């Protein structure tokens, strides 16, 4: 059975391999050239420095996928809004590993006191698995930026979905998370 745990620096090689394959063959990522392992490490060190959780799914000593949270935008009024990203190795897809990862990410983001979790889903018309995954964990549709991306010779839509946490906007906020 797979376990969800925190990202550890030794994972960065596999995670680069997982993300590299997503960049090259998929449209969930709007990057075109795969980042280097060092660049991936710098990106993850910035997230952790901000205080955001970075999680990996591991079975039989191998990293099956990863998910992390970050800011949608950084201006201070946005400080109760987080964004999720999740990538699963192709040989591990369709096994329930995405939902396990995202379920735990929601719990961590919720405990940090965020009020909204945003999915910015690249090529949402085509990446049905991403939309279904988020619907299955209670995200609701909140917008669609048409023709926001062009990659592999076609236009891509960005599907936006959000999940309220800790009462959402119906209650007064607490202190800023990560403050």
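Residue numbers count along the first chain shown, from 1.
According to the PDB record, 2 to 10 carries the higher mean C-alpha B-factor of the two stretches 168 to 176 and 2 to 10. Look at the mean CA B-factor for 26 to 34 and for 56 to 64 in the entry; the higher one is 56 to 64. The PDB entry gives the largest Cα B-factor of the residues 69, 145, 133, 142 to 133.
For the set 81, 92, 74, 86, the PDB entry assigns the largest Cα B-factor to 92. For residue 127, the recorded CA temperature factor ranks within the highest third of the chain's modelled residues.
Split the chain's modelled residues into thirds by C-alpha temperature factor. Residue 45 is in the middle one. The entry lists a Cα temperature factor for residue 100 that places it in the highest third of the chain's modelled residues.
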